[PDB]
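Encoded as structure tokens, the structure appears first; notes follow it.
The figures that follow rest on heavy atoms only: side chains count, while hydrogens, waters and symmetry mates do not. Numbering of ligands and ligand atoms starts at 1, following listing order. The chain is numbered in sequence order, starting from 1.
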Amino acid sequence: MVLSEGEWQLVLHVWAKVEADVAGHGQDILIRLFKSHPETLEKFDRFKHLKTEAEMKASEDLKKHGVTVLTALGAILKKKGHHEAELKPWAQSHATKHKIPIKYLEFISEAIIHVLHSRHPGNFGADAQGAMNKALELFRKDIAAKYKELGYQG
Ligand code: HEM
């Protein structure tokens, strides 16, 4: 798939707002993921012990990982489809070290859209959501192909 420039502009315009508060958005997104699909929490030996939303919100460690996640994702989106070099080391660790199935990437994709919609309604109308969805689908497609190359395709 290929996004048009107008679609990239919609994605990067809401992303610019997200970057006004990277830590807060990262926390919101990971907490939404873990609440909506608690099985994903099991992949994180680091966070496995967190029992309630309250404990999640109070974890400095979770907040630091959310910054790491959104910073990496941001770097990929700003490549506007030219993200081959960035995707390679990402795919290798998520496939053979952490073992993250494509299904879980769909789940975090859903969490990202939920948080953007909730915090940025005026810059995240139907057309901008459609563009963000297509960018994240482009990302999952490319990761699926890489997984396969790497011998995981999970
Ligand atoms: C937008 C999707 C995601 C991005 C951009 C992302 C990014 C990252 C980055 C940059 C790291 C640190 C370096 C590394 O280990 O490769 C990391 C670690 C990790 N990720 Fe992801 N990730 C994503 C989705 C997920 C999902 C869906 C899960 C699990 C359900 C996951 C599980 C992990 C684990 C277990 C670690 C190691 C945490 C630790 O330090 O103990 N990732 N991720």
Item to check | Closer than 4.0 Å: a protein non-hydrogen atom to atom 18 (C) of ligand 1 | outcome: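 Yes, there is one.
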Pull out every atom of ligand 1 sitting under 4.0 Å from any heavy atom of [X], numbered as shown with elements.
{"X": "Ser93", "answer": "14 (C), 15 (O), 16 (O)"}
{"X": "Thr40", "answer": "30 (C)"}
{"X": "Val69", "answer": "4 (C), 5 (C)"}
{"X": "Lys43", "answer": "35 (C)"}

Item to check | Option whose closest heavy atom lies nearest to atom 25 (C) of ligand 1, chosen from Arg46, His94, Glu106 | outcome: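 The nearest heavy atom belongs to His94.
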Checklist entry - If you measure from atom 10 (C) of ligand 1 to every heavy atom of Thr71, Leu87, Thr68, which option wins on shortest distance? => result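 Considering heavy atoms of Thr71, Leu87, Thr68, the nearest to atom 10 (C) of ligand 1 sits in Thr68.
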Next on the checklist: Closer than 3.5 angstrom, by distance alone: can the side chain of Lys99 be matched with the main-chain N or O of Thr96 as a donor-acceptor pair?
Outcome noted: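 Yes; at least one donor-acceptor contact below 3.5 Å.
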Checklist entry - Within a reach of under 6.0 Å around NZ of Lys103, are more than 12 heavy atoms found that belong to other residues, nucleotides or ligands? => result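 Incorrect, the count does not exceed 12.
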Checklist entry - Are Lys141 and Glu137 side-chain neighbours, meaning at least one heavy-atom pair lies under 4.5 Å? => result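 A side-chain contact is absent here, since even the closest heavy-atom pair is not under 4.5 Å.
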Checklist entry - If we only count heavy atoms from C-beta on, is the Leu41 to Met56 side-chain gap below 4.5 Å? => result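 Answer yes - side chains close enough.
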Item to check | Verdict with reasoning, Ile108 to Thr40, per side-chain contact (heavy atoms from CB on, under 4.5 Å) | outcome: CA-CA 9 Å; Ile108 195 165; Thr40 58; over 6 Å; no
Checklist entry - For ligand 1, which part of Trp90 has a heavy atom less than 4.0 Å away: the side chain, the backbone, both, or neither? => result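 The answer is the side chain of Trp90.
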Checklist entry - Got a salt bridge between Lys64 and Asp61, using NZ or NE/NH1/NH2 to carboxylate O under 4.0 Å? => result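 Salt bridge between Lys64 and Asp61, a charged N being under 4.0 Å from a carboxylate O: no.
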